[PDB]
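K.L.:
One structure, pasted below without further comment.
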Amino acid sequence: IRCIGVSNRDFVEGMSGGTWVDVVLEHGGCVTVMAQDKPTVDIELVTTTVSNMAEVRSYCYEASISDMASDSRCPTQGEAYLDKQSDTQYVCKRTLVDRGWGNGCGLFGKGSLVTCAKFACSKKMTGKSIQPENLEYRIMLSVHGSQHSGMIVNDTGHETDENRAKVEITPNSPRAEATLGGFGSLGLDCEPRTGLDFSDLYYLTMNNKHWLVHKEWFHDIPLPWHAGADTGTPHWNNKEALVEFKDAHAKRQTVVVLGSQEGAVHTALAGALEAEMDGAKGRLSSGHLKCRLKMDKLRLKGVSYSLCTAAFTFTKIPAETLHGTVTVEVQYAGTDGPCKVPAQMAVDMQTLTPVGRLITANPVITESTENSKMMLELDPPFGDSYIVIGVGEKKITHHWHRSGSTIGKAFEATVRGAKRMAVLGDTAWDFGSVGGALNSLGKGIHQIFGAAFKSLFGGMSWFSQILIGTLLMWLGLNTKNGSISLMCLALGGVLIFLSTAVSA
Amino acid sequence: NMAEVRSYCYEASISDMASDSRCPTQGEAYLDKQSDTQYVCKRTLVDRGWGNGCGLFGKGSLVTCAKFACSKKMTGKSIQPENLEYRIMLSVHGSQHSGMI
Amino acid sequence: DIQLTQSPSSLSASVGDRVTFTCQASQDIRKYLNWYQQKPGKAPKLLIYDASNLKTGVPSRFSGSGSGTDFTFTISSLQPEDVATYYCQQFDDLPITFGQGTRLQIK
Amino acid sequence: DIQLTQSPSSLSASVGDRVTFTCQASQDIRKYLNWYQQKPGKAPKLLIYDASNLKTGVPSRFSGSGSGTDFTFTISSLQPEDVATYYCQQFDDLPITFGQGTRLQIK
Amino acid sequence: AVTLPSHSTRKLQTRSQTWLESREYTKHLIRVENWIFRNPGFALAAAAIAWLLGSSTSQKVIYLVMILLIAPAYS
Amino acid sequence: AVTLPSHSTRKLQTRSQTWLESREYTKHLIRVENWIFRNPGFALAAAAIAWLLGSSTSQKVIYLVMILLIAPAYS
Amino acid sequence: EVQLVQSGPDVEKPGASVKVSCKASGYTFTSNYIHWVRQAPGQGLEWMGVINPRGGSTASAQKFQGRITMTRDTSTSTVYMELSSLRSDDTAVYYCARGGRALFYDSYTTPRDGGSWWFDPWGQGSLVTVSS
Amino acid sequence: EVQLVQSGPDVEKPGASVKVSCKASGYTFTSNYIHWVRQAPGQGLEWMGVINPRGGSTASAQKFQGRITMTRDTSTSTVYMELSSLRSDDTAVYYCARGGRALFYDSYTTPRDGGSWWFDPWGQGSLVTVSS
Ligand SMILES: *[C@@H]1O[C@H](CO)[C@@H](O)[C@H](O)[C@H]1NC(C)=O
């Protein structure tokens, strides 16, 4: 449920005894945890929301000029004053201009004048700030079993219902026991800080279009500043790059405005992530986090339930996911009550030889009603399959044949783990989460090493990191004393793998 | 004389958008809107799941697009070395106190 | 930016009655709401700060409540000095607005 | 498509009677059937979705049933507001058709 | 009014797709290729330059990258 | 919409003053200086890189220029 | 309150084009497939077509292929129906109705339906007459 | 005793500038944000702006951006309001009021408020009329 056909999902287990399943919660995929007990659970990060943003310096990219002024002065009488310049609403620059005979100025030679004009502007760039507090995570999770066609469509009553739950997380209130009447308590405690490395992030809204920007880049943009300001005529700062002054070969200086650079800041925005409904409530797309998840109290609701002997029937052609598993929605009337129902698979029967991954443990049916649809899934082994459902003779079976080999499973798992290794960096650790020694060792080694990788190879671009990896390779063959040339090979391969990022 | 070679538009406007979803396997989106060129359209593979129609599911496809109305044309005319015109003025010295254009 | 409706528009009641005014805003104003009553040609009357708090010197004849977005003021017993236009106004986000008013009349 | 016969063509009964209408289609329409009643010059009356389900606000005076291909609607007790033309219509395969009608008359 | 900061230098390595990556992870390539298609002889210019530095037959191509990659943008 | 062609790559070497030279013959310097002021440790990054190429104590600074001059713009 | 409203009755030329409006109320306009259904004065109901208020997706039956166009208007939450090349059978009353789980852009009937399948806002009926 | 006092009512030219004074009494003048709020004769109250008696800090709403100026006078413990480019809506009564924890120089409303949020010294009201 809720995590099928959402590829980039994962399945994580926990070696039973001391529920310690710290998942790397994803705002761009789902994660399903399983346990021999403790009905299998999913978690998917719906949205990310920020409550309060502060109004740091704004920017203007659309300006307008008027009431120009030159204020010529003789080659020797000082240089131009132009009382206009007195005001800051005007932008002015002072230029040495030629002044000859038949030009006034009984002398002649290089004189000077100060060309300038009013700086009126429009289309401000509200570059607000946000901080790791009064931001807000909002997730929804779903246990399997009941709830034919889970399917967020009618989520409203599903958080009121038992199979789905909606959770809000604050850096003030990190804990949340996702309580499911009859199912469990789903203990959760997360790190609402180290998700997106906030406090270096600004919420820019330009043309009612919002996004997040690494505040360093936002500080480095050379447009006019509102600079902190509030109401009152905006005294724009630096006021110069926008307008452009130009004299003739020697004389008569004028000014151009260079219009609006809206699309220019767009093409300069080539790394930000866009963001939506903003109100006093600013929502944004993906951003990960670390969530210690505990199966403290999850009762499976019907381990004692009988296996009512009605004949079961498929409805939809149980296609499989990229993760190899396969979901089926099986309907049946014929019996009543809160039923437990069998679901196994085999290679031969007259054995039924229950084999393979059972994901949707304790599949439960609610009521006496007609052919309830009983959505669930299982995962077959690498060969042909025989998924068996009903009970015995009036059961229903079906071929599968996963067609995914065991070494192939390791392939998909390791390339997935490697992509995690890349994008989550340190956080890719404790993903399969037991508090084991080598786990904290990996966390720490990546901590120091990748932090150095940041501070040394600061924000290496696509092309940059590409050629850096290439020349590191070329050098990894050249140098003697493999000790360091192997380190060249290592960093170069790290760079190239970083260039194998999601971009493909 | 300047001739009117290709112009450019940098201020556009969009309206009456259109998506035209299609199941994972029934071809890919048609969207009779796309028929016209006054509309700009691009065709994108989108996810299509259960509880989404389309008895199948997986990667389906739809063609998002909208009308391309625009303003502020850039008249980029052409000129040629003929029917251009130079205009100079010259002046001999001596008389004419304060010559001074 | 903080549209706040103050219902009703007007009322008229006999002495010794309870009356209640509602104000709901389109925004979240958790506790930053206040209440006055003003005569024509008067500075207004001490009624309510924080939408739940009586000010010193105010008669206990008045009370205010409400948590999320909508808030209720109440006169316990009507008296001749209660003729005024009552106003509710928020304090947050600083385009500070007030209600247009709730007017009284004795019978 | 989808040929759906709605029997009878017409009926007339006294107040307080039960009446039943049948509709059988040439196709399998497992549960995607619905029922209306409409006056001339009216938007029709809330009767039945899914051929077995009463809608909120509908009097319990009406009921619908049927599983495979043929389906029965029933008025438990006839009343003056029951004069209309009743319609049954499927929902599947999308050449959506309706019945031609079942007309009522009070005696 | 140089809108200097191409924000890609401050990427957010976060799961949702960023602002304009679609054209971005090709724009610099089309930059350099357009620029060199417009200024061809600069090819052998850079060649004669680099072939005179490094003196390795392996750093030579590195200085070729040097020159052909300062030329497009900072110009 | 990368407005790719910074026309300075097609300068007109003609006597009248060109469009925006005033800020142009400083804009790339302010570019690189701003970028490095924002990403400092990349300094010693480039240092360790270049000090490992050329092996001349004279081409070393050349590869320093290489790295510190690919980093700003093409990023 | 969930409710649809049509434009007034209209009379047109044979071979002309008539556009009837349908405005919604009480619900999020982008969550209900708008079905158009015809009814000749003495005839029964015959489904004309469907449009999605979101994205302007469209479909109909062959009885109107080439004459029917159906467009959205997200601002005022309206849907506009044009019948082209009007014909003597067109003198009827047309109905617009909100429908089911309008998730993306389609009819989408293999999944569930009902719960006012399309019957909560049947509006008032648009009487159209085609003559001179 | 904590109490504010305004200047007398005044009448000005359209397009002129009017300055109303507000003098404080009974408190340390540098401890209360002065809020100015307008009231048209038949209209309700609409907050004009705020000034801090200390440091002359200022802010207002967009309904007065470019016309409103607000200055301090620490000596006599007064605040002076100028409305510029007077307009037919300006005929109203304006009120000045002391407010809350005026610690440095601002509105400062994320922290607490109330306890006569701004309502102890509402003074007397400055009636201004703008005509010829
Ligand atoms: C639709 O909503 C109903 C409750 O009204 C719920 O039982 C059902 O599971 C929902 N279906 C989907 C696909 O969300």
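For the structure tokens, the naming scheme is as follows: chains receive sequential letters (A, B, ...) according to their order of presentation, residues are indexed from 1 within each chain, and ligands are indexed from 1 in presentation order.
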Show which residues sit within 6 Å of range 58-71 of chain E, as a list in words. Count only C-alpha atoms, and ignore same-chain residues fewer than 6 positions away.

P.N.:
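After dropping sequence-adjacent residues, the list is residues 46, 50 and 51 of chain E; 66 of chain F.
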
K.L.:
Could you give me, as a ChimeraX atom specification, the residues within 9 Å of range 65-82 of chain H, counting only C-alpha atoms and dropping anything in the same chain fewer than 3 positions from it?

P.N.:
/A:231-233 /H:17-25,28-30,34,36,48-62,85-86,96

K.L.:
Ligand 1: which residues are within 12 Å, counting only C-alpha atoms and all ligand atoms, as a compact mmCIF listing (two decimals) with N, CA, C and O atoms, in the first residue's frame?

P.N.:
```txt
# COMPACT_ATOMS: atom_id res chain seq x y z
N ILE A 1 0.83 -1.20 0.00
CA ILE A 1 0.00 0.00 0.00
C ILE A 1 0.86 1.25 0.00
O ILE A 1 1.89 1.29 0.67
N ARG A 2 0.47 2.24 -0.79
CA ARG A 2 0.98 3.60 -0.69
C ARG A 2 2.43 3.68 -1.13
O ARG A 2 2.96 4.78 -1.34
N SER A 146 -5.43 -4.72 5.22
CA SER A 146 -6.78 -4.32 4.83
C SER A 146 -6.67 -3.14 3.87
O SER A 146 -5.61 -2.90 3.29
N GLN A 147 -7.79 -2.44 3.68
CA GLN A 147 -7.82 -1.22 2.89
C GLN A 147 -7.49 -1.53 1.44
O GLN A 147 -6.41 -1.20 0.94
N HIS A 148 -8.39 -2.26 0.79
CA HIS A 148 -8.40 -2.38 -0.66
C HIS A 148 -8.08 -1.04 -1.30
O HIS A 148 -8.64 -0.01 -0.90
N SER A 149 -7.18 -1.04 -2.27
CA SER A 149 -6.83 0.16 -3.02
C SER A 149 -6.53 1.34 -2.10
O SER A 149 -7.28 2.33 -2.08
N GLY A 150 -5.44 1.24 -1.34
CA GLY A 150 -5.06 2.27 -0.39
C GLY A 150 -5.06 3.66 -0.96
O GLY A 150 -5.94 4.46 -0.63
N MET A 151 -4.09 3.97 -1.82
CA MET A 151 -4.33 4.93 -2.88
C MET A 151 -4.75 6.31 -2.39
O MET A 151 -5.95 6.60 -2.33
N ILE A 152 -3.77 7.13 -2.02
CA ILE A 152 -3.92 8.40 -1.32
C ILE A 152 -5.22 9.15 -1.62
O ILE A 152 -5.64 9.99 -0.83
N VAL A 153 -5.86 8.83 -2.75
CA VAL A 153 -7.02 9.56 -3.27
C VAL A 153 -7.97 10.03 -2.18
O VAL A 153 -8.39 11.20 -2.18
N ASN A 154 -8.32 9.16 -1.23
CA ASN A 154 -9.25 9.56 -0.17
C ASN A 154 -8.55 9.51 1.18
O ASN A 154 -9.11 9.02 2.16
N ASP A 155 -7.32 10.01 1.22
CA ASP A 155 -6.52 10.07 2.44
C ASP A 155 -7.24 10.71 3.61
O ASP A 155 -6.90 10.42 4.77
N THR A 156 -8.20 11.59 3.34
CA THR A 156 -8.85 12.36 4.40
C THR A 156 -9.39 11.46 5.50
O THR A 156 -9.04 11.63 6.67
N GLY A 157 -10.24 10.49 5.14
CA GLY A 157 -10.75 9.56 6.12
C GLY A 157 -9.78 8.46 6.51
O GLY A 157 -10.04 7.72 7.46
N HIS A 158 -8.67 8.33 5.78
CA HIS A 158 -7.74 7.25 6.04
C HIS A 158 -6.84 7.53 7.24
O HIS A 158 -6.39 6.58 7.90
N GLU A 159 -6.57 8.80 7.54
CA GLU A 159 -5.92 9.12 8.80
C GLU A 159 -6.87 8.96 9.97
O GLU A 159 -6.44 8.63 11.08
N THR A 160 -8.16 9.18 9.74
CA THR A 160 -9.19 8.83 10.71
C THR A 160 -9.37 7.32 10.77
O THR A 160 -9.84 6.79 11.78
N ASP A 161 -8.98 6.62 9.71
CA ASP A 161 -9.08 5.17 9.67
C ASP A 161 -7.81 4.55 10.24
O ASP A 161 -6.90 5.24 10.69
N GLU A 162 -7.76 3.22 10.22
CA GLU A 162 -6.71 2.51 10.94
C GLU A 162 -5.49 2.21 10.08
O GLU A 162 -4.38 2.12 10.61
N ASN A 163 -5.67 2.04 8.78
CA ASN A 163 -4.56 1.59 7.95
C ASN A 163 -3.60 2.72 7.59
O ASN A 163 -2.46 2.43 7.22
N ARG A 164 -4.02 3.97 7.70
CA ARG A 164 -3.17 5.10 7.36
C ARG A 164 -3.12 6.09 8.52
O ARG A 164 -4.03 6.14 9.36
N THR A 366 -12.24 -7.46 6.55
CA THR A 366 -13.08 -6.81 7.54
C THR A 366 -14.42 -7.50 7.76
O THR A 366 -14.70 -7.95 8.88
N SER A 372 -14.93 -8.52 -1.29
CA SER A 372 -13.95 -7.58 -0.78
C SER A 372 -12.62 -7.85 -1.47
O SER A 372 -12.28 -9.00 -1.76
N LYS A 373 -11.86 -6.79 -1.71
CA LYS A 373 -10.87 -6.77 -2.78
C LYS A 373 -9.48 -7.16 -2.32
O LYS A 373 -8.63 -7.49 -3.15
N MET A 374 -9.23 -7.12 -1.01
CA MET A 374 -8.03 -7.65 -0.36
C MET A 374 -6.75 -7.40 -1.16
O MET A 374 -6.24 -8.31 -1.82
N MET A 375 -6.31 -6.15 -1.22
CA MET A 375 -5.03 -5.84 -1.82
C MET A 375 -3.90 -6.26 -0.89
O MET A 375 -4.02 -6.16 0.33
N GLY B 49 -0.74 5.02 -12.24
CA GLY B 49 -0.84 3.91 -11.32
C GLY B 49 -2.24 3.37 -11.18
O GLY B 49 -3.12 3.63 -12.00
N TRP B 50 -2.44 2.57 -10.13
CA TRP B 50 -3.79 2.14 -9.81
C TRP B 50 -4.56 3.27 -9.14
O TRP B 50 -3.97 4.26 -8.70
N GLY B 51 -5.88 3.12 -9.06
CA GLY B 51 -6.71 4.23 -8.65
C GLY B 51 -6.43 5.47 -9.45
O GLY B 51 -6.50 6.60 -8.94
N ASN B 52 -6.07 5.28 -10.71
CA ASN B 52 -5.74 6.35 -11.62
C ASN B 52 -6.38 6.12 -12.97
O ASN B 52 -5.91 6.66 -13.98
N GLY B 53 -7.44 5.32 -13.01
CA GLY B 53 -7.94 4.79 -14.25
C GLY B 53 -6.97 3.77 -14.80
O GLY B 53 -6.13 3.26 -14.05
N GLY G 100 -17.60 11.60 -9.86
CA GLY G 100 -16.59 10.70 -9.33
C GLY G 100 -15.20 11.20 -9.04
O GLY G 100 -14.96 12.39 -8.83
N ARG G 101 -14.26 10.25 -9.04
CA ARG G 101 -12.88 10.50 -8.63
C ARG G 101 -12.08 11.09 -9.78
O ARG G 101 -11.29 10.39 -10.42
N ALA G 102 -12.28 12.37 -10.04
CA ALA G 102 -11.60 13.03 -11.14
C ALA G 102 -10.14 13.26 -10.77
O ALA G 102 -9.74 14.37 -10.42
N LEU G 103 -9.33 12.21 -10.86
CA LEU G 103 -7.96 12.35 -10.36
C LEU G 103 -7.08 13.12 -11.33
O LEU G 103 -6.62 14.22 -10.99
N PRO G 111 -11.72 1.92 -12.52
CA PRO G 111 -11.86 2.09 -11.07
C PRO G 111 -13.29 2.43 -10.67
O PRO G 111 -14.21 2.41 -11.50
N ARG G 112 -13.48 2.74 -9.40
CA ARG G 112 -14.81 2.84 -8.83
C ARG G 112 -15.55 4.08 -9.33
O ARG G 112 -15.01 4.91 -10.07
N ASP G 113 -16.80 4.18 -8.90
CA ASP G 113 -17.72 5.21 -9.34
C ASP G 113 -18.82 5.34 -8.30
O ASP G 113 -18.68 4.85 -7.17
N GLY G 114 -19.91 5.99 -8.67
CA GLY G 114 -21.04 6.10 -7.77
C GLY G 114 -20.87 7.21 -6.76
O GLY G 114 -20.07 8.13 -6.93
N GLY G 115 -21.62 7.10 -5.67
CA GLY G 115 -21.66 8.15 -4.68
C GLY G 115 -21.97 9.46 -5.36
O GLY G 115 -21.13 10.37 -5.40
```

K.L.:
Can you tell me, as number ranges by chain, what residues are no more than 9 Å from residue 311 in chain A when counting only C-alpha atoms, ignoring any on the same chain fewer than 3 positions away?

P.N.:
A: 332-335, 390-391, 393-396

K.L.:
What gap, in Å, lies between CA of residue 44 in chain E and CA of residue 74 in chain E?

P.N.:
19.5 Å

K.L.:
With a distance threshold of 10 Å and counting only C-alpha atoms, extract the residues of chain B near chain A and express them as a list in words.

P.N.:
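Taken together, these residues fit the definition: residues 10, 47, 48, 49, 50, 51, 52, 55, 56, 57, 58, 59, 98, 99, 100 and 101 of chain B.
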
K.L.:
For the residues in that selection, give me C-alpha atoms as a PDB file, in the first residue's frame.

P.N.:
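File written: selection02.pdb
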```pdb
ATOM      1  CA  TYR B  10      10.867  37.813 -25.688  1.00  0.00           C
ATOM      2  CA  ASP B  47       3.567   7.830 -14.029  1.00  0.00           C
ATOM      3  CA  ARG B  48       0.148   6.172 -14.162  1.00  0.00           C
ATOM      4  CA  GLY B  49      -0.839   3.912 -11.315  1.00  0.00           C
ATOM      5  CA  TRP B  50      -3.791   2.143  -9.810  1.00  0.00           C
ATOM      6  CA  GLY B  51      -6.713   4.231  -8.646  1.00  0.00           C
ATOM      7  CA  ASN B  52      -5.742   6.352 -11.616  1.00  0.00           C
ATOM      8  CA  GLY B  55      -6.604  -0.852 -15.656  1.00  0.00           C
ATOM      9  CA  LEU B  56      -2.924  -1.509 -16.332  1.00  0.00           C
ATOM     10  CA  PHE B  57      -0.268   0.679 -14.795  1.00  0.00           C
ATOM     11  CA  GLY B  58       3.327   1.793 -14.910  1.00  0.00           C
ATOM     12  CA  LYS B  59       4.820   4.526 -17.058  1.00  0.00           C
ATOM     13  CA  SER B  98      32.512  81.760 -33.813  1.00  0.00           C
ATOM     14  CA  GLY B  99      31.905  79.092 -36.466  1.00  0.00           C
ATOM     15  CA  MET B 100      30.151  76.927 -34.000  1.00  0.00           C
ATOM     16  CA  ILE B 101      27.623  74.538 -35.614  1.00  0.00           C
TER      17      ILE B 101
END
```

K.L.:
Can you measure CA of residue 442 in chain A to CA of residue 476 in chain A for me? One decimal in Å is fine.

P.N.:
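CA of residue 476 in chain A lies 25.4 Å from CA of residue 442 in chain A.
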
K.L.:
How far is it from CA of residue 20 in chain F to CA of residue 35 in chain E, in Å with one decimal?

P.N.:
20.5 Å

K.L.:
Where does DSSP see helix (DSSP H, G or I) in range 162-406 of chain A, if you list the residues as an MDAnalysis selection string?

P.N.:
chainID A and resid 215:219 262:267 406

K.L.:
Go ahead and write the selection's residues with N, CA, C and O atoms as a PDB file, in the first residue's frame.

P.N.:
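New file result.pdb:
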```pdb
ATOM      1  N   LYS A 215      22.249  30.431   0.776  1.00  0.00           N
ATOM      2  CA  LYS A 215      22.271  31.864   1.061  1.00  0.00           C
ATOM      3  C   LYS A 215      23.565  32.530   0.629  1.00  0.00           C
ATOM      4  O   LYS A 215      23.584  33.745   0.413  1.00  0.00           O
ATOM      5  N   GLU A 216      24.653  31.771   0.518  1.00  0.00           N
ATOM      6  CA  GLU A 216      25.892  32.329  -0.004  1.00  0.00           C
ATOM      7  C   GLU A 216      25.677  32.911  -1.395  1.00  0.00           C
ATOM      8  O   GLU A 216      26.002  34.079  -1.646  1.00  0.00           O
ATOM      9  N   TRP A 217      25.111  32.110  -2.300  1.00  0.00           N
ATOM     10  CA  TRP A 217      24.775  32.589  -3.634  1.00  0.00           C
ATOM     11  C   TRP A 217      23.861  33.803  -3.571  1.00  0.00           C
ATOM     12  O   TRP A 217      24.007  34.739  -4.362  1.00  0.00           O
ATOM     13  N   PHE A 218      22.919  33.808  -2.631  1.00  0.00           N
ATOM     14  CA  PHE A 218      21.989  34.923  -2.540  1.00  0.00           C
ATOM     15  C   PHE A 218      22.689  36.190  -2.096  1.00  0.00           C
ATOM     16  O   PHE A 218      22.314  37.288  -2.514  1.00  0.00           O
ATOM     17  N   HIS A 219      23.692  36.061  -1.237  1.00  0.00           N
ATOM     18  CA  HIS A 219      24.460  37.219  -0.827  1.00  0.00           C
ATOM     19  C   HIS A 219      25.335  37.737  -1.953  1.00  0.00           C
ATOM     20  O   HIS A 219      25.676  38.924  -1.965  1.00  0.00           O
ATOM     21  N   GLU A 262      14.728  39.220 -15.425  1.00  0.00           N
ATOM     22  CA  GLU A 262      13.976  38.117 -14.840  1.00  0.00           C
ATOM     23  C   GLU A 262      14.464  36.773 -15.373  1.00  0.00           C
ATOM     24  O   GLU A 262      14.881  35.895 -14.605  1.00  0.00           O
ATOM     25  N   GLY A 263      14.438  36.596 -16.692  1.00  0.00           N
ATOM     26  CA  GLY A 263      14.993  35.383 -17.260  1.00  0.00           C
ATOM     27  C   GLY A 263      16.474  35.225 -16.984  1.00  0.00           C
ATOM     28  O   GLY A 263      16.986  34.103 -16.930  1.00  0.00           O
ATOM     29  N   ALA A 264      17.186  36.339 -16.817  1.00  0.00           N
ATOM     30  CA  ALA A 264      18.603  36.249 -16.490  1.00  0.00           C
ATOM     31  C   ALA A 264      18.808  35.627 -15.117  1.00  0.00           C
ATOM     32  O   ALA A 264      19.666  34.756 -14.944  1.00  0.00           O
ATOM     33  N   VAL A 265      18.022  36.043 -14.128  1.00  0.00           N
ATOM     34  CA  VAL A 265      18.176  35.409 -12.830  1.00  0.00           C
ATOM     35  C   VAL A 265      17.676  33.978 -12.899  1.00  0.00           C
ATOM     36  O   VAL A 265      18.164  33.110 -12.167  1.00  0.00           O
ATOM     37  N   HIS A 266      16.718  33.697 -13.782  1.00  0.00           N
ATOM     38  CA  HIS A 266      16.349  32.306 -14.005  1.00  0.00           C
ATOM     39  C   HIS A 266      17.541  31.475 -14.453  1.00  0.00           C
ATOM     40  O   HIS A 266      17.889  30.485 -13.802  1.00  0.00           O
ATOM     41  N   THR A 267      18.184  31.859 -15.552  1.00  0.00           N
ATOM     42  CA  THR A 267      19.324  31.080 -16.021  1.00  0.00           C
ATOM     43  C   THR A 267      20.472  31.090 -15.024  1.00  0.00           C
ATOM     44  O   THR A 267      21.300  30.175 -15.040  1.00  0.00           O
ATOM     45  N   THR A 406      19.319 -14.132  -8.262  1.00  0.00           N
ATOM     46  CA  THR A 406      19.787 -13.781  -6.926  1.00  0.00           C
ATOM     47  C   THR A 406      20.977 -12.832  -6.976  1.00  0.00           C
ATOM     48  O   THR A 406      21.010 -11.841  -6.242  1.00  0.00           O
TER      49      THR A 406
END
```

K.L.:
Dump as a Markdown table the rows for residues of chain C within 7 Å of chain H: closest atom pair and distance in Å with one decimal, only C-alpha atoms counted, ordered by chain and rising residue number.

P.N.:
```
| residue | atom | partner | partner_atom | distance |
| --- | --- | --- | --- | --- |
| C:43 | CA | H:122 | CA | 6.1 |
| C:49 | CA | H:114 | CA | 5.2 |
| C:50 | CA | H:114 | CA | 6.1 |
| C:55 | CA | H:115 | CA | 6.9 |
| C:92 | CA | H:109 | CA | 6.6 |
| C:95 | CA | H:61 | CA | 6.3 |
| C:96 | CA | H:47 | CA | 5.5 |
| C:97 | CA | H:46 | CA | 5.5 |
| C:98 | CA | H:45 | CA | 5.8 |
| C:99 | CA | H:44 | CA | 6.8 |
| C:100 | CA | H:44 | CA | 4.7 |
| C:101 | CA | H:44 | CA | 6.7 |
```

K.L.:
Counting only C-alpha atoms, what is within 10 Å of residue 257 in chain A, bar same-chain residues fewer than 6 positions away, as a PyMOL selection string?

P.N.:
(chain A and resi 62-66+119+240-245) or (chain E and resi 1)

K.L.:
Please, could you write that set of residues out with N, CA and C atoms as a CSV table (one decimal), in the first residue's frame?

P.N.:
```csv
chain,number,residue,atom,x,y,z
A,62,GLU,N,14.0,44.9,-12.4
A,62,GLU,CA,13.3,45.7,-13.4
A,62,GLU,C,13.3,47.1,-12.8
A,63,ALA,N,14.1,48.0,-13.5
A,63,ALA,CA,14.2,49.4,-13.1
A,63,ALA,C,13.7,50.3,-14.2
A,64,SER,N,13.5,51.5,-13.9
A,64,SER,CA,13.1,52.5,-14.8
A,64,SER,C,13.8,53.8,-14.5
A,65,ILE,N,14.1,54.6,-15.5
A,65,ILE,CA,14.9,55.8,-15.4
A,65,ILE,C,14.1,57.0,-15.9
A,66,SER,N,14.3,58.2,-15.4
A,66,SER,CA,13.6,59.4,-15.9
A,66,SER,C,14.4,60.6,-15.5
A,119,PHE,N,16.2,56.6,-10.1
A,119,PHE,CA,16.2,55.1,-10.2
A,119,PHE,C,14.9,54.6,-9.6
A,240,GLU,N,24.2,50.5,-9.4
A,240,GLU,CA,25.0,50.8,-10.5
A,240,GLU,C,25.0,49.8,-11.6
A,241,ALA,N,25.2,48.5,-11.3
A,241,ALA,CA,25.2,47.5,-12.3
A,241,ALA,C,24.0,47.5,-13.2
A,242,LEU,N,22.8,47.8,-12.6
A,242,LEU,CA,21.6,47.9,-13.3
A,242,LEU,C,21.6,48.9,-14.4
A,243,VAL,N,21.8,50.2,-14.1
A,243,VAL,CA,21.9,51.3,-15.1
A,243,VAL,C,23.2,51.2,-15.7
A,244,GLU,N,23.3,51.8,-16.9
A,244,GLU,CA,24.6,51.9,-17.6
A,244,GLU,C,24.8,53.2,-18.2
A,245,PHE,N,25.9,53.9,-17.9
A,245,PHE,CA,26.2,55.2,-18.4
A,245,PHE,C,26.9,55.1,-19.7
E,1,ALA,N,24.7,45.3,-15.1
E,1,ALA,CA,23.8,44.4,-14.3
E,1,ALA,C,24.1,42.9,-14.6
```

K.L.:
With distances taken over only C-alpha atoms, which residue among C:90, C:26, C:74, C:5 lies nearest chain A?

P.N.:
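Closest candidate: C:26.
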
K.L.:
Residues of chain F were defined as contacting chain A if any atom lay at most 9 Å from it, counting only C-alpha atoms; please report them as a PyMOL selection string.

P.N.:
chain F and resi 1-3+15-20+22-23+34-35+38-46+49+52-53+67+70-71+74-75

K.L.:
List every residue of range 53-89 of chain D that DSSP, applied to the backbone of this structure, places in strand (DSSP E or B), and write the result as a ChimeraX atom specification.

P.N.:
/D:53-54,62-65,70-75,85-89

K.L.:
Need the shell around residue 91 in chain G: protein/DNA/RNA residues with any atom at most 12 Å away, counting only C-alpha atoms. Skip same-chain ones fewer than 2 positions apart. Format as a ChimeraX atom specification?

P.N.:
/G:9-14,18,38-43,83,86-89,93-94,126-131

K.L.:
Name the residues in contact with range 47-53 of chain A at a cut-off of 6 Å, using only C-alpha atoms, excluding same-chain residues fewer than 3 positions from it; report them as a PyMOL selection string.

P.N.:
chain A and resi 128-130+134-138+281-284
